[PDB]
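Any read-out appearing in this document is the output of simple, stated calculations on the displayed coordinates, not a laboratory observation. Neighbour counts are summed over all protein chains in view; Cβ atoms, including those assigned to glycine, are modelled from backbone coordinates with ideal geometry.
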Amino acid sequence: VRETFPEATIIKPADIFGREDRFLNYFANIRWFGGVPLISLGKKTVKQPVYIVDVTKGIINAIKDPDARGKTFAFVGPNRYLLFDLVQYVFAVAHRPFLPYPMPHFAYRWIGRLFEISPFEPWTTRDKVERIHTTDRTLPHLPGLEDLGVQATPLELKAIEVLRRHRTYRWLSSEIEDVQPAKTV
Amino acid sequence: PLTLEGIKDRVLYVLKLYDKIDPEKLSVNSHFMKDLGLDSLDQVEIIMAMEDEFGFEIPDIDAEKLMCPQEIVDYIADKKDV
Amino acid sequence: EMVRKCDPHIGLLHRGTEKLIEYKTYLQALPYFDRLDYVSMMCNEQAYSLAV
Amino acid sequence: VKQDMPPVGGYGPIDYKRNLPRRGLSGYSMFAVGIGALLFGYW
Amino acid sequence: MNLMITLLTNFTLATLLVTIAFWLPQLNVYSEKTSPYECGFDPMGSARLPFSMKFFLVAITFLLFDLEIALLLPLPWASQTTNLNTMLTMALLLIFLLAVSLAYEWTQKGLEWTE
Amino acid sequence: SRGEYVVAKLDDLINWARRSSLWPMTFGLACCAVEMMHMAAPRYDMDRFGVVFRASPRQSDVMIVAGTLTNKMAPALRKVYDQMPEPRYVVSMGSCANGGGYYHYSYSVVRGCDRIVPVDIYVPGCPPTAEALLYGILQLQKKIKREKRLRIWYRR
Amino acid sequence: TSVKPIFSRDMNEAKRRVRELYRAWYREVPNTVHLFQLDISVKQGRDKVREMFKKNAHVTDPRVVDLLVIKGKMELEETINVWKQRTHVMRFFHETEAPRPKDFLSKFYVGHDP
Amino acid sequence: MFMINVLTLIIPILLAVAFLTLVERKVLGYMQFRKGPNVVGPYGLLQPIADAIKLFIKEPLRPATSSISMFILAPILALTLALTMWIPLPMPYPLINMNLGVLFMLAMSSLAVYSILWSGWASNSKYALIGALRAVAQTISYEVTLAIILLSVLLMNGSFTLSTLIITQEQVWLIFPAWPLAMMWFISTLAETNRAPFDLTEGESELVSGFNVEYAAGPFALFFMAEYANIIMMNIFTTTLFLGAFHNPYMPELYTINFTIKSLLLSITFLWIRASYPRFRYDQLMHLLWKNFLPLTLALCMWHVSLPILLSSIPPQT
Amino acid sequence: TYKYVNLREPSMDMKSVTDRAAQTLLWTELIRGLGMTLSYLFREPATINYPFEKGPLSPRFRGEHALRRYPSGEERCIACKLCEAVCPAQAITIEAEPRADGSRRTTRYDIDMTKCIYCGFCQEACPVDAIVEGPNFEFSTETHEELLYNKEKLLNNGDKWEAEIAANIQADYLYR
Ligand SMILES: CCCCCCCCCCCCCCCCCC(=O)OC[C@H](COP(=O)([O-])OCC[N+](C)(C)C)OC(=O)CCCCCCCCCCCCCCCCC
Ligand SMILES: CCCCCCCCCCCCCCCCCC(=O)OC[C@H](COP(=O)(O)OCCN)OC(=O)CCCCCCCCCCCCCCCCC
Ligand SMILES: C=C(C)[C@H]1Cc2c(ccc3c2O[C@@H]2COc4cc(OC)c(OC)cc4[C@@H]2C3=O)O1
Ligand code: SF4
Ligand code: SF4
Ligand code: SF4
């Protein structure tokens, strides 16, 4: 696309989360399978997710501004997270029993082929595994949300908005401040 | 609730939990409006924070006559035994 | 299931008939009366006709 | 002229009254039928 | 044996008309379609509040009249005995005690409802 | 192909089962509730088509917005529509539900129910006749008949 | 200029009723955030109640702030009882509007509005 | 071949229920000066297939506040107790020939309340809980005569076997010695089975749907064809109790046709009482089965206890 | 000139008291209701076979709008804007200019059918019978802007339905 349309604005979102995402709802749909298995305890990968209202404001402020011709933006969240305490923060906002266990690097793709045998929308695959366990690179030489006049919204304001659906009734209306914030890196 | 030392320390602690009061100029004889630089609404939520922690309700006539932490600890000393 | 207090909140169908009447002529103000008591249409037509 | 008018002799009279025609048996006859049903069943 | 096979088959295709009903359509669930129903607007409070029973003396006395048909029930068998007048007397005595109980609940404002 | 033929027959089957048993919900608002009742009357009779009322949103296929959508009952209509299971349809009945109608310029009318809910059939009138409302339901059936659910499912 | 009062004789009772109304809102806001299960915190709601009280903080007429206490108590009466909904509470929080440009050059750019 | 014996029972009383929905809609249509469904198939004979296929592909909608274990356990138990109450009914020979089949029917009539009851509790709503405790208020009303009328009608049968009851009524219908018990049992069965004038838990006017206002399709089909299975089973039960037909042991098909058409006429009687009557306030349900039906039920119980001793007509227990 | 509903003191002889006791115990009025319902069971119901049959109407009926024409091809709308001055919904937008032969004709005749109240002040205020509210009621849509009729769609309705609208006005113009 860069070599066939030279003024194309190419935008890099890291890991978008919303009400209809495949990132936080994905992390809240492994109370069905077992105890949310992770590669190498999920401690060797670092993420920074960005909220979809900020990415949409960035795309529209890229449409409006003629300073976006040929650029290459990089939309990232303001706070970086490890994967393990991210999943533990999701299961603490969702107020679920969290018991993690490491599934190894060679046998978790064999569970990844167990779900991609479906003609439906498959539940998970080894590609989603290789993307969750791919850490978010930091690109300082590329512009972001602050180079479009967009203030990035952090995760602790909108994870409750995403994850109020996945709660049981016994903690259905627990407040936003009734959870511990995760550990940024 | 027993002695004025612990009551005064609890007043100053509830005051320094409030993120607009500077703990540097906050004394027992510092003034809220013209010296700490607070609105009336700031003073009224200070009074309601004291009603939460101390656990008794102060009416409106004697929640405006509290213009320094000395007056707060004195009025709590009037509404208690000590 | 015994009834202690009934409080009917109304105005879920409030459309502002008698403000739209002030900005239209009399012949234009008639078809609001079809739509007030919409099972007593020509009655309200007759009442507004007797008023005018 | 040629206008919508009623006919010259008027219309027929229109009934507008209650007509609940009082059908059914008496009370004693219904209890007689019921007690006869019980006695035949018991025999 | 065969009764348990019949009951298990009934439970089987009473839950296999359920498991073919959940996984069959496309579940598109978002956080309003599973909200509680209070005829359009939002519900006031929870539904697990104390929901007061006005028909409570009738609901107690239903138990004491349902023990009666743990007592009155062997009468199609007690009619087969050779101590007949005592059976007749005790049967009419139990239905009479039920009737005295029902009339005492009648007259002393029991079968009416409170409030 | 052969699997394409199977999913085409299954599309015909399930779209037939969804169009020949439309369940509207008892949702009147204004004068069009009278004509919606007359579409349920003995003369025009929705239920000969397999079309019967169910008052709960959990057990209804279509919501006929019969009447005026004011500014005080926008969230009630939206939550009533959102509590309907998929597939759900909306037949916008009458002029106030279509585009505000006779109270379009007024302060307390949502100018068309398409602002609040997605609308599949627009039935124009003030009120549209119960025969024309029945024609709107039949055009909804002609919209459900040409759904292509499992064809697009197999071709994705 | 000799008119009939509503509740207050002068600004002392008027500030008393404004102050008691704000006391009521500060007591109430956690219940509002809880039962409407809003995605906001208690701090942002109390900031909004502060903004709504400082929006009208220039009145010197006792009857006008008497009616403002009356309208604030009607808002309180419809907030404590669940007569408002999630939308009616969140209409104070202008989340869906485009942010209105305040300076002169952007207002010059986007339209004819002074 | 007992498995095929069960599957020739329970699937046709999943088809009789399905086309009973068509009979209900069309009889309720012509009794209300309209037509029923006749566009779907030839004169409606493919309507219940459409209503069946439509619901099971509609989104199941587990509620976010509901107790999901009880919420799924309740319609399974509803359709289970709809199916398992056909087995002691003599058709003319029952599938399971119990010595005490009538108490089996009565105890499963007591148990089938809990599906409605747990469905109204577990579906965490206000209307559902109103419909659950009104089912409590309905069952404490009909169970205080559904046992004594059933007791007094089995003082002329001989035992609690439903196969004995055909031998009992060989001379005359048992409606002739017990028409007050028949006309009181019939209303006990209308209050038992949530048909109008005793809907009250499917009450579309006071509530929206009562207990199943939260049950979306999929599980709502298993209250649809549970409740109508209850009404066909209860018409056949009152048919065997009061209208037992001529049984020839060499030709069971004559009796099967005869009680089929009698139970069809009583099912049309259900759909025809639903087609004409207003609905009780749910205390007048309770002020009927306690203030009007229960004293006369005790009186007729005394009469049917003391009457075979008065006439030497004590039935055999064999 | 007035009557008392429900002021019937009942008879209290043993005959009528026994009759009402049998009416209570043996359910007489319930059998009366069952008899009336069974008597409407055995009729021909009034369900008409739509869409192969249609509902009865009259030539005054007010449905989908149309612009008519003279019997020489020239359109009737001489752009005089009474129909937007009387339209209670203000659903009609008219702009005009002198065309090539100098005749006063429209260039914009919009009728917003989702504003229109179908009351026919336009077809009775038009001094040349240009705008008429035709007999078409089966003109439902699937998209909202399809019900925003401009001049072209109204001329197409007029040319499409003129064989019916001209006969209805021919049958009705003596009552107006
Ligand atoms: C099983 C085969 C079919 C059975 C019959 C099927 C057809 C009949 C059903 C018709 C439709 C009913 C639909 C639901 C109706 C609900 C209302 C209802 O039932 O109300 C009950 C009504 C209630 O009456 P009520 O509520 O109007 O009572 C008046 C009360 N006050 C004054 C306070 C207002 O009637 C009964 O309860 C009657 C009970 C049964 C009567 C049996 C009488 C036996 C007589 C024996 C002889 C007596 C003579 C003296 C002694 C002689 C001794 C030898
Ligand atoms: C105990 C007794 C219980 C009885 C229960 C059932 C009662 C009703 C029985 C069915 C009554 C008739 C139903 C007819 C359905 C329509 C059949 C048909 O011809 O459909 C035409 C359609 C399109 O075909 P096309 O090639 O376009 O031809 C049109 C010509 N221009 O082609 C199609 O739609 C495809 C073919 C569909 C065939 C469907 C047949 C009916 C299925 C009903 C289920 C029950 C089966 C029978 C059970 C009893 C007998 C064993
Ligand atoms: C069930 C059938 C066959 C009929 C009856 C009926 C409907 C559809 C909708 C409704 C309805 O009746 C109820 C009660 O009566 C009115 C009367 C109304 O106005 C007189 C009114 O106006 C909004 C609304 C309503 C309800 C309403 O929404 O179809
Ligand atoms: S579109 Fe008009 S006639 Fe119809 S309900 Fe609305 S106000 Fe009444
Ligand atoms: S019928 Fe429609 S277009 Fe004509 S005047 Fe009335 S509202 Fe306006
Ligand atoms: S339609 Fe008739 S009234 Fe309207 S501008 Fe044209 S000629 Fe005049």
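In this structure, H:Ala299 does satisfy being free of Cβ contacts under 8 Å to residues at least 24 places away in the same chain, small (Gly, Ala, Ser) and either surrounded by 20 or more Cβ atoms within 10 Å (Cβ to Cβ) or over 14 Å from H:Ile187 (Cα atoms) (or both).
Just one of (1) within 20 Å of the chain's Cα centre (by Cα); (2) more than 15 Å from ligand 5 (Cβ to nearest atom) fails for I:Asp101. It is (1). The one condition from (1) more than 7 Å from every other protein chain (Cβ to nearest Cβ); (2) in contact with a strand residue (DSSP E or B) (Cβ under 6 Å, 6 or more places away or on another chain) that C:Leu50 does not meet is (2).
Let's see how each residue does on (1) of a type in the set (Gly, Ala, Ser); (2) more than 9 Å from every other protein chain (Cβ to nearest Cβ):
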| site | (1), (2) |
| --- | --- |
| D:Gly10 | yes, yes |
| D:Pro21 | no, yes |
| D:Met30 | no, no |
| D:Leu38 | no, no |
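Evaluation of A:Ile30 against the conditions (1) over 25 Å from A:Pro78 (Cα atoms); (2) surrounded by fewer than 14 Cβ atoms within 10 Å (Cβ to Cβ) shows that the sole unmet condition is (2).
For the stretch H:23-79, what are the residues that are over 19 Å from H:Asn124 (Cα atoms), hydrophobic (A, V, I, L, M, F, W, C) and assigned to a helix (DSSP H, G or I)? Scanning the stretch H:23-79 gives H:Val23, H:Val27, H:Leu28, H:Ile49, H:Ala50, H:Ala52, H:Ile53, H:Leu55, H:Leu79.
Yes or no, residue by residue, for (1) within 9 Å of ligand 6 (Cβ to nearest atom); (2) small (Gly, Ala, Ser); (3) buried (at least 21 other Cβ atoms within 10 Å of the Cβ):
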{"site": "I:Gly73", "(1), (2), (3)": "no, yes, no"}
{"site": "I:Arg76", "(1), (2), (3)": "yes, no, no"}
{"site": "I:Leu82", "(1), (2), (3)": "yes, no, no"}
{"site": "I:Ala91", "(1), (2), (3)": "no, yes, yes"}
{"site": "I:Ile94", "(1), (2), (3)": "yes, no, no"}
{"site": "I:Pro135", "(1), (2), (3)": "no, no, no"}
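Scanning the stretch H:240-296 for residues that are under 21 Å from H:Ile175 (Cβ atoms), within 14 Å of chain I (Cβ to nearest Cβ), more than 20 Å from the chain's Cα centre (by Cα) and free of Cβ contacts under 8 Å to residues at least 24 places away in the same chain turns up just one, H:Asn292.
Right, C:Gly11: out of contact with any strand residue (DSSP E or B) (no Cβ under 6 Å at 6 or more places or on another chain), surrounded by 10 or more Cβ atoms within 10 Å (Cβ to Cβ), closer than 30 Å to H:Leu129 by Cα and of a type in the set (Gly, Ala, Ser) or not?
Details: out of contact with any strand residue (DSSP E or B) (no Cβ under 6 Å at 6 or more places or on another chain): yes; surrounded by 10 or more Cβ atoms within 10 Å (Cβ to Cβ): yes; closer than 30 Å to H:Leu129 by Cα: yes; of a type in the set (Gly, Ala, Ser): yes.
For C:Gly11, the condition - out of contact with any strand residue (DSSP E or B) (no Cβ under 6 Å at 6 or more places or on another chain), surrounded by 10 or more Cβ atoms within 10 Å (Cβ to Cβ), closer than 30 Å to H:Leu129 by Cα and of a type in the set (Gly, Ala, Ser) - is met.
Looking only at the stretch E:54-79, residues that are assigned to a loop (DSSP other than H, G, I, E, B) and at the interface with another protein chain (Cβ under 7 Å from one of its Cβ atoms) come to 5 in all.
Taken over the stretch F:96-141, the residue count meeting the criterion of being charged (D, E, K, R) and within 16 Å of ligand 2 (Cβ to nearest atom) is 0. Here the stretch H:228-260 is the region considered, the condition is being closer than 18 Å to H:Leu83 by Cβ and among the aromatic types (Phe, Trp, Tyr), and the residue that is farthest from ligand 2 (Cβ to nearest atom) is H:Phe237. Helices (runs of 4 or more DSSP H) fully within the stretch G:7-102 that include at least 1 residues being within 30 Å of A:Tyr169 (Cα to Cα), within 14 Å of chain E (Cβ to nearest Cβ) and of a type outside the set (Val, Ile, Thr): G:11-35, G:62-80, G:86-90.
Residues of the stretch E:92-115 being in a helix (DSSP H, G or I) and among the hydrophobic types (A, V, I, L, M, F, W, C), which ones?
Restricting attention to the stretch E:92-115, the residues satisfying the condition of being in a helix (DSSP H, G or I) are E:92-107.
Selection gives E:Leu92, E:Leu93, E:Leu94, E:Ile95, E:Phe96, E:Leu97, E:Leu98, E:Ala99, E:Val100, E:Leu102, E:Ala103, E:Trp106.
What's the number of the condition E:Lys54 fails, among (1) surrounded by fewer than 14 Cβ atoms within 10 Å (Cβ to Cβ); (2) touching a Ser or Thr at 6+ places or on another chain (Cβ under 7 Å)? Failed condition: (1).
Say we look at the stretch H:19-59 and pick out the residues that are of a type in the set (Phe, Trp, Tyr) and surrounded by fewer than 17 Cβ atoms within 10 Å (Cβ to Cβ); which of these is farthest from the other protein chains (Cβ to nearest Cβ)? First the steps, then the outcome.
Here is the first cut: in the stretch H:19-59, the ones of a type in the set (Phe, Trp, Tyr) are H:19, H:30, H:33, H:43, H:56.
From the residues that got through so far, the ones that are surrounded by fewer than 17 Cβ atoms within 10 Å (Cβ to Cβ) too are H:19, H:43.
Numbers: H:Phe19: 14, H:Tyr43: 11 Å.
Out of the qualifying residues, it is H:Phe19.
Beta carbons closer than 6 Å, at least 6 apart along the sequence or on distinct chains, pair a first residue in the stretch H:303-318 that is more than 7 Å from every other protein chain (Cβ to nearest Cβ) with a second that is surrounded by 15 or more Cβ atoms within 10 Å (Cβ to Cβ) and assigned to a helix (DSSP H, G or I) for H:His304/H:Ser152. Scanning the stretch F:61-86 for residues that are more than 9 Å from chain E (Cβ to nearest Cβ), more than 12 Å from ligand 3 (Cβ to nearest atom) and surrounded by 21 or more Cβ atoms within 10 Å (Cβ to Cβ) yields F:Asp61, F:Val62, F:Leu69, F:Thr70, F:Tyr81. For the stretch I:1-29, residues that are away from chain D (no Cβ under 12 Å), closer than 25 Å to H:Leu296 by Cβ and of a type in the set (A, V, I, L, M, F, W, C) total 1. Every condition in (1) over 30 Å from H:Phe160 (Cβ atoms); (2) buried (at least 22 other Cβ atoms within 10 Å of the Cβ) is met by H:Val102 except one, and the failing one is (1). Listed by first and then second residue, the pairs with beta-carbon distance under 8 Å, at least 6 apart or on different chains, first residue in the stretch F:30-59 and within 23 Å of I:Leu41 (Cβ to Cβ) and more than 14 Å from chain C (Cβ to nearest Cβ), second in a loop (DSSP other than H, G, I, E, B) and of a type in the set (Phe, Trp, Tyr), are F:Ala40/F:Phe53; F:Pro42/H:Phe33; F:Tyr44/I:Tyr50; F:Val51/F:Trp23; F:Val52/F:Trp23; F:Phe53/F:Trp23. Selection of the stretch C:16-29 for residues being more than 14 Å from ligand 4 (Cβ to nearest atom) and within 14 Å of chain F (Cβ to nearest Cβ) yields C:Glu18, C:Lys19, C:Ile21, C:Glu22, C:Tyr23, C:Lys24, C:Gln28, C:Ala29.
Only residues that are over 19 Å from the mean Cα position of the chain (by Cα) and within 18 Å of I:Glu95 (Cα to Cα) were counted in the stretch I:129-148, giving 2.
Picking from residues in the stretch I:93-132 that are within 15 Å of I:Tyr173 (Cα to Cα) and β-branched (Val, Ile, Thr), the one that is farthest from ligand 3 (Cβ to nearest atom) is I:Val128.
Report yes if some residue within the stretch F:27-47 is part of a helix (DSSP H, G or I), within 23 Å of E:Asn28 (Cβ to Cβ) and away from ligand 4 (no atom under 16 Å from the Cβ); otherwise report no. Working first, answer last.
Here is the first cut: in the stretch F:27-47, the residues part of a helix (DSSP H, G or I) are F:32-39, F:46-47.
Right, trim to within 23 Å of E:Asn28 (Cβ to Cβ) and you get none.
Checking the stretch F:27-47: not a single residue is part of a helix (DSSP H, G or I), within 23 Å of E:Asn28 (Cβ to Cβ) and away from ligand 4 (no atom under 16 Å from the Cβ).
With respect to being more than 7 Å from every other protein chain (Cβ to nearest Cβ) and either touching a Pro at 6+ places or on another chain (Cβ under 7 Å) or more than 16 Å from ligand 1 (Cβ to nearest atom) (or both), F:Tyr105 fits the description. Any residue in the stretch I:37-52 that is of a type outside the set (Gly, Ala, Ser), closer than 30 Å to H:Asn292 by Cα and within 12 Å of another protein chain (Cβ to nearest Cβ)? Yes, the stretch I:37-52 contains at least one residue that is of a type outside the set (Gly, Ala, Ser), closer than 30 Å to H:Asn292 by Cα and within 12 Å of another protein chain (Cβ to nearest Cβ).
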